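Quick one: the structure is below, and I'll ask about it shortly.
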Amino acid sequence: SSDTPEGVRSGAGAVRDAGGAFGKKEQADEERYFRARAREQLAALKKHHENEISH
Amino acid sequence: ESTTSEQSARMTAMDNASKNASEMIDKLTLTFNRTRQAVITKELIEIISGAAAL
Amino acid sequence: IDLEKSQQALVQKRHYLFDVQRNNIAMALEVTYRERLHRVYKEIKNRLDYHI
Amino acid sequence: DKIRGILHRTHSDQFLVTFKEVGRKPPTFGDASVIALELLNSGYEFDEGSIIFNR
Amino acid sequence: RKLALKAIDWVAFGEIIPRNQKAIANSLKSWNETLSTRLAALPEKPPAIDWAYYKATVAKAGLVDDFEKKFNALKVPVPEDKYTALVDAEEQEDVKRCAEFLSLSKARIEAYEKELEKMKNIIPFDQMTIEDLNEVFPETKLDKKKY
Amino acid sequence: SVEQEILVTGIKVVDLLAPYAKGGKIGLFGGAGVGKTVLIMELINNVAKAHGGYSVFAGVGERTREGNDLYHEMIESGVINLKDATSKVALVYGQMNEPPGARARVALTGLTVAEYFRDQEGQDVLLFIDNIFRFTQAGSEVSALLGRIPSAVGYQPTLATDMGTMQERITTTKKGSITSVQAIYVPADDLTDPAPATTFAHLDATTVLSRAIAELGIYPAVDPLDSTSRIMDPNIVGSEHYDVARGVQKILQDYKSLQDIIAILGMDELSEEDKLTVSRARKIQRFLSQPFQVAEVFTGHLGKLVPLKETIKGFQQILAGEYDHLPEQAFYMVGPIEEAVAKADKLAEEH
Amino acid sequence: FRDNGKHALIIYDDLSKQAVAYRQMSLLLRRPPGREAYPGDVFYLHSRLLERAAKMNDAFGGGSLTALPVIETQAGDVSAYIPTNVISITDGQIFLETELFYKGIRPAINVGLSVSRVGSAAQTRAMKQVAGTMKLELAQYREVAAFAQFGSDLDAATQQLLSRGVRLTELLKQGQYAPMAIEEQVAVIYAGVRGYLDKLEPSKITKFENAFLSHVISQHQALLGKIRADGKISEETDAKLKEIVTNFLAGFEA
């Protein structure tokens, strides 16, 4: 099919638009990884010394 | 030894994941081609039946 | 030998670049005179275009 | 990592140390010295042992 | 119009060698490429002013021709050349300073050339002298050679 | 007329990647239930009260309830006045309870009142039309009884002629100017249907809404890689706005091709260089979402209105890397970039 | 203009809105429909319009007529009714994608699917010599484009094939309303296909090109008159162009 202009060819971003098993396995892996980065970037954001003097 | 045992099994397990994804890719190509013909056939009947009853 | 040519290297370098400074400023007056003759035709072409 | 992640349920209290970031770059002899140094200076004085791997 | 040529901007004119100032010499070549294209944008002669068609097409007369009578006999004075001489003035002082290597190191060349003459003289016979070999290889005062 | 301008609205997705224009035809695409009526309710809120001249709203084939939430959200804002002669809005309504011969002559009645102000007077007129898919559909129902063979998927044979006979009166002439915003229903999320895919030739700025963005929580769900304009032009919007717009679309499209790898490999097995272009892209997705004013009863949040000079300066600093020390949640539903760090500290203290 | 010994060009913008304006006239005259309600003679509508483009010979005048039709597909499906009629009539297609338009490639011509069946017999001798290797060099890159996202453990030939393919791509990008000359086009390709760019950083290939072109217009005008008038690139001009891109590349970054 794909070895001609006529046949169907796949583009970029076609695993998420399908919405199947691999399309759901990708959304819950971008969220369970960038949930821990909202922990380490928020715990180290409390280490401002001027806020502690106000505390 | 363990980084050779691991790097050879990554070679095999990524090889059967491209055979099973190419075995699956021909079976959906036939169903795509039956369904592509069946839609040109179906919407051709609706135009003919619309003109004949008129 | 290497310090004899070090004399002559700076006397062909200097006379080239001290005439480049002559002609890099020489082009600066032609392109501001050519655009002086051209612009005085442009603002009298506007009146040749307006009243028609 | 994937040894610690599997055994995190049944044997979470029998761990000594865990060494991550292993296998991305090829292993060298300096990393065999970093691990073996910290197996001594931990406070755990042992008397036998064994190693399991995939030859 | 008028247009004079220049010399080759190939090797020397971009290697002026300031105190690590290759950026100032790079800017010197960048002005020559910009002005030569601006001279290639406009020609030496501008367009011609048709006078006869101005009277009929703009035939509401008086106000049309009075601007065409005042703008015809005008003159365009170009800018001054006051900065043209002082930049060329510092080239005359530096060219007198650039020959100081040709003035001072010329005796340093001949003194090094005369040093090659006496250096042939010293080696002489294998078994020559214990003081003529005491010019190149050194001697000193008390307690210099540690080892 | 031939001159082009830029009309500023205050929405961050619209002014950055697909700017609207004075006297230019604007289209609002998208399916059913994504926000075409709310986004066309937002531009009456911002644009119509700061505008000098008059305004006309033609409602063609929509719910008769929603013609009463406009008559009661324009008395309490003083645009319609019931006591004297200082009103600024006319209204023409033919809704979805009418016979199908009457949903196809209402849009011709809207742009007849709006042709009087442009021609017999000289003012600057606006025109809001929702919906306009119900002009095509209401002519595909009376067709087969008039004696016509159907074309492709079921529309009339004269589909692209009477559409192009109405859409050539909504123009900017040398006697006035008509800004026009139109909502265009796309049937069952398919922009290759013959009714929405022939209106593209009559629109300058298209704002394609999408259900794949709206189901993330990003509101307004505007597709950045599917919205265009005719004035995205570095000689019109300046060279600083132009290299920011294409800098956003290039990092979003390169984010699309990276999702195909994470589905098999994972997030952590990637390199450190493209763990950063994902985290810069996810902050650009979330920063585009802005809390609207007329959607207060949905949200409870307040209405923000970011100016044009601040929208560019907000997006230069996420791309250059001046906010790599914040989590993703600090940009969700904020106004300008100043509130993105004030919201960052307030989340920190509750640990 | 073809009948009187002159040359011409025509652009149909666009032919996919003529088959629709003709279908409406058919079904209102009660003609028998066909696939997608088009009549039986929509192939005969487009064939006798494109066959009027011809290259006449010297006994009739030597005229010509060149035809460029525009066709809009829907969702990139060229296997529809009208996108398959006009494909089988004409000679070659230029396939502009939407994915490459947002990835930075502008004009977004896909050279994997674009062909021309007059071939290399319509190129000048200067352009034919350098682009024959560029076409082979780019085609080897598109084989290995799928290794770029995670590739560092590959062979040095494969790292080289990626290194030339990215830098040849940056030469192909071009702003709007800036058409070049063939003598300036062959010089920029000659700078890339020889190997004079594999050490320059891939982001600087655009800034290097706009700097290099404004140089050779003013300071090497007498070389771009001996490729325009000659038509070919000789051995004398091969050496003369060789020290030019070595002089500019030496002192460039300033």
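Labels for the chains are A, B, C, D, E, F and G, by order of writing; each one numbers its residues from 1.
As a working rule, a residue touches a chain if its C-beta (ideal position, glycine included) is under 8 Å from a C-beta of that chain, and two chains touch if they have at least 3 such contacts.
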Nearest-to-centre chain - CA centroid comparison: G
Pair of chains whose C-beta contact count is the highest in the structure: C-E
Chain C-chain F separation of Cα centroids, rounded to whole Å: 54
Distance from chain D to chain A - Cα centre to Cα centre, in angstrom: 31
Centroid spacing, where centroids are CA-atom means, of chain C and chain D in whole angstrom: 74
Of all residues in chain E, the ones touching two or more other chains: 36
Where chain F touches two or more other chains at once, by residue number: 148-152, 253, 257
Residues of chain B whose C-beta touches two or more other chains: 43, 47, 51
Residues of chain G touching chain F in the complex: 20-21, 23-24, 27-28, 30, 33, 36-37, 74-75, 99, 102-104, 149-150
Touching residues on chain F, where the partner in the complex is chain G: 148-152, 157-161, 192, 197, 225, 246, 249-250, 252-254, 257-258, 261, 271, 274
Chain A-touching residues of chain F, taken from the complex the two chains share: 212, 253, 256-257, 259-260, 262-264, 266-268, 278-279, 282, 325-329, 344-345, 347-349, 351
Residues of chain G defined as touching chain B within the complex: 33-37
Of all residues in chain D, those that touch chain B in their complex: 23, 26-27, 53-55
